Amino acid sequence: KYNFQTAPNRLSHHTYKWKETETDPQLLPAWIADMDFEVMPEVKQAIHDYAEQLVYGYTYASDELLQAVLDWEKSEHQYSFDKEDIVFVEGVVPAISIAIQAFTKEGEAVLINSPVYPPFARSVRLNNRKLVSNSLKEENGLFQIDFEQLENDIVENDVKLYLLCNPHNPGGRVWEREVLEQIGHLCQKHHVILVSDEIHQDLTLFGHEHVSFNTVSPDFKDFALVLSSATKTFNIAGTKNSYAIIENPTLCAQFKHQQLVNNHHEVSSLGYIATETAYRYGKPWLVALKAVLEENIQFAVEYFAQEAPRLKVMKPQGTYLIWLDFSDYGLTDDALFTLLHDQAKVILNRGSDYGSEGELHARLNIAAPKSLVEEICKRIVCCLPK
């Protein structure tokens, strides 16, 4: 029914992902987090229906779009809230910057769990806030929080804001309810505001269940907000819409005020349309996708185990992204990436972008047809040094 077998040709679309391939046709990309899968058919139709409006002027977020978000959140994540708790933002990374600027002052400390999505550290640093990197443990193939050190990091730096990634990118760690509750209790104790980046929430796999942060405790809304989107779930990043759910009146007003100060309050018409459409029609597409992602991940894990046993592979609990550790090889980061790029002809995300814990790591995107994922894994193991 849905096509997860053939990858639409993207070379002519000015994509980030395929940019290098436009000049060097032998490069295969598997880095930036979008998919080489056709998007659900109803979004395509919604774009055609937009063209047929004939006039492309100024629009606002409808009651139907607000209801679609409420309905998705309740039905998928058991998170019940009011339409007025929703704030639309053209992207989640924009929302992170707005939250930093609203909820902290210059020089105050913002904590992250490293290694993590590079715009977290970037946005803190560029905003002239103190970055506190709470280093994740790695135990038995999974990231885990050191709660003793996390508390030390909060107290020793007077942390004002915690940027949480859940599911955590990279690694694809789907935090248990009990882990989130311990995090929230630290924030309550130490008077920390928390932003939960839950953009990957719909992509938990292998029986792992997303727990949205404010569902953990009814008091968590007093200090925490949730960011999510339809874009990673449904491969519609180019449509530019996302949302913050901010139930606390003071937090909500502060975020919205800062958004307006920055004139960052407006969203494109297709931004609105694609999100409403994706949530209304996307459940069966997403079910079918998850089966394909699980198969690609299982394939990659087994292939790597057989062809490059020295390569340490973190199996995701969610997301379509695999965190690869080349630390057992006699390499530098520069030699690793020259090797992958110039010899293997594959483009992966550089692990050192995610923090010092990502040195000698790469991140591999498996959201593409299995035939492409097979080729990418073959390239990755081809030229690894003895």
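Start at 1 with the first residue shown and count on from there.
Colleague: Can you let me know which of the two, 203-211 or 227-235, has the higher average C-alpha B-factor in the entry?
Modeller: Taking the mean B-factor of the alpha carbons in each, 203-211 is higher.
Colleague: Going by the B-factors listed in the PDB entry, is the mean over the C-alpha atoms higher for 344-352 or for 22-30?
Modeller: Taking the mean B-factor of the alpha carbons in each, 22-30 is higher.
Colleague: In this PDB entry, which of 358, 57, 318, 330 has the top CA B-factor?
Modeller: That would be 330, according to the entry.
Colleague: Looking at 90, 197, 73, 139, which has the highest CA B-factor as recorded?
Modeller: So the option with the highest C-alpha B-factor is 139.
Colleague: Can you work out whether the C-alpha temperature factor of residue 191 puts it in the lowest, middle or highest third of the chain?
Modeller: Middle third, going by the recorded CA B-factors of the chain.
Colleague: Taking the chain's C-alpha temperature factors as the reference, tell me which third residue 130 falls into: lowest, middle or highest.
Modeller: Answer is middle: the recorded C-alpha B-factor places it there.
Colleague: What third of its chain's C-alpha B-factors does residue 83 belong to: lowest, middle or highest?
Modeller: Highest third - that is where residue 83 ends up once the chain's C-alpha B-factors are sorted.
Colleague: Considering every modelled residue of the chain and its Cα B-factor in the PDB entry, is residue 110 in the lowest, middle or highest third?
Modeller: Tercile = lowest for this residue's CA B-factor.
Colleague: Which third, lowest, middle or highest, does the C-alpha temperature factor of residue 17 belong to within its own chain?
Modeller: For residue 17, whose C-alpha B-factor we compare with every modelled residue in the chain, the answer is the middle third.
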